Student: 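My questions all concern the structure below.
Ligands are counted one by one from 1 in listed order, and the atoms in each one are counted from 1 as well. Residue numbers begin at 1 in each chain, while the letters A, B, ... track the order of the sequences.
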Number of protein chains: 2
Amino acid sequence: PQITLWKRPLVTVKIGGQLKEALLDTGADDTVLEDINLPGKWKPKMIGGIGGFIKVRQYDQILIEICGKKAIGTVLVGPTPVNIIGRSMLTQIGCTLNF
Amino acid sequence: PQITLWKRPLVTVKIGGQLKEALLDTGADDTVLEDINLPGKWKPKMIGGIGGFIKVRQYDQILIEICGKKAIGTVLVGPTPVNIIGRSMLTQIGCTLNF
Ligand SMILES: CC(C)CN(C[C@@H](O)[C@H](Cc1ccccc1)NC(=O)O[C@H]1CO[C@H]2OCC[C@H]21)S(=O)(=O)c1ccc(N)cc1
């Protein structure tokens with residue numbers, strides 16, 4: 001898939017048997033989701049964006065399937081206004097910017 | 001060029017005779033810069049991200065040169081922690097996501 005940017009680059013993601021939509025976000029270091037429940041241990045972290053910071057649960061080694069391609073890595077869970085797929089996962093699905 | 005995402009997608013931008021580095025950011029609807037000072041009229045706006053909202057000055061029809069390609073459009077100026085090139089400019093330089 002090559003995709004243009006006239007609209008938000010939203011993709012369907014499958015995580016822990018749940019289906020969510022998330023933004024492919026080259027400006028995000030890490031993947032952050034709001035509306036999900038991951039089982040198991042986690043560590044507290046704070047991440048910062050434009051309006052300041054949020055507290056997140058950091059879950060490690062989480063399987064995600066993004067537009068039908070698999071990746072494992074860190075997923076942050078917290079009060080983000082929009083689910084975002086960050087570079088830590090984008091690299092695993094072979095995602096690049098082109099111009 | 002094509003750009004992989006192992007590192008932040010930082011590019012050099014020339015705006016109003018000033019040189020800045022900015023993140024090519026597919027998760028951002030609009031361009032937001034901190035360390036600059038554009039002349040002329042503007043309108044107040046608030047934009048929200050992770051952490052909440054910031055107050056910005058909205059400047060219209062601003063020329064930016066991003067990695068040596070020109071674009072004209074809206075630039076927001078405000079207390080963003082990182083300069084970001086958003087989709088409204090990314091489309092003008094023919095930027096796409098590929099995987
Ligand atoms: C500002 C960047 C350096 C980092 N942000 C990623 C960025 O893409 C966010 C991602 C984003 C997207 C929507 C809502 C919140 C955050 N976009 C954003 O703040 O865009 C704002 C400017 O244009 C407006 O249009 C979209 C939101 C506004 S971030 O959300 O704060 C962020 C920070 C750290 C991680 N791990 C993940 C995300």
Student: Any protein N or O within less than 3.5 Å of an N or O in ligand 1? List each pair with its distance, or say none.
Tutor:
residue: ligand 1; atom: 8 (O); partner: A/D25; partner atom: OD1; Å: 2.6
residue: ligand 1; atom: 8 (O); partner: A/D25; partner atom: OD2; Å: 2.6
residue: ligand 1; atom: 8 (O); partner: B/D25; partner atom: OD1; Å: 2.8
residue: ligand 1; atom: 8 (O); partner: B/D25; partner atom: OD2; Å: 3.2
residue: ligand 1; atom: 17 (N); partner: B/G27; partner atom: O; Å: 3.3
residue: ligand 1; atom: 23 (O); partner: B/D29; partner atom: N; Å: 3.3
residue: ligand 1; atom: 25 (O); partner: B/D29; partner atom: N; Å: 3.0
residue: ligand 1; atom: 25 (O); partner: B/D29; partner atom: OD2; Å: 3.4
residue: ligand 1; atom: 36 (N); partner: A/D30; partner atom: N; Å: 3.1
residue: ligand 1; atom: 36 (N); partner: A/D30; partner atom: O; Å: 3.3
residue: ligand 1; atom: 36 (N); partner: A/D30; partner atom: OD2; Å: 2.9

Student: Any donor-acceptor pair under 3.5 Å linking the side-chain atoms of A/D30 with those of A/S88?
Tutor: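 Note: A/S88 and A/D30 side chains miss the donor-acceptor criterion.
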Student: Decide side-chain contact (heavy atoms from CB on, under 4.5 Å) for A/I47 and A/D29; before the verdict, give the C-alpha distance in whole Å, the side-chain angles of both, and the deciding distance to 0.1 Å.
Tutor: CA-CA 10 Å; A/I47 62 174; A/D29 293 353; over 6 Å; no
Student: Taking all non-hydrogen atoms of both residues into account, name the closest pair between A/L24 and B/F99 and its distance.
Tutor: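 Nearest pair, atom of A/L24 first, then B/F99: CD1-CE2, 4.1 Å.
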Student: Tabulate below the donor-acceptor pairs under 3.5 Å that side-chain atoms of residues 72-86 of chain A make, not counting sequence neighbours, or state none.
Tutor:
residue: A/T74; atom: OG1; partner: A/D60; partner atom: OD1; Å: 3.2
residue: A/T80; atom: OG1; partner: A/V82; partner atom: N; Å: 3.3
residue: A/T80; atom: OG1; partner: A/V82; partner atom: O; Å: 2.7
residue: A/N83; atom: OD1; partner: A/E34; partner atom: N; Å: 2.9
residue: A/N83; atom: ND2; partner: A/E21; partner atom: O; Å: 3.1
residue: A/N83; atom: ND2; partner: A/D35; partner atom: OD1; Å: 2.9
residue: A/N83; atom: ND2; partner: A/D35; partner atom: OD2; Å: 3.4

Student: To the nearest 0.5 Å, how far apart are CZ in B/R87 and CG in B/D25?
Tutor: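 It comes to 10.0 Å.
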Student: For residues A/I64 and A/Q92, determine if any side-chain heavy atom of one lies less than 4.5 Å from a side-chain heavy atom of the other.
Tutor: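 Of all side-chain heavy-atom pairs linking A/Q92 with A/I64, none is under 4.5 Å.
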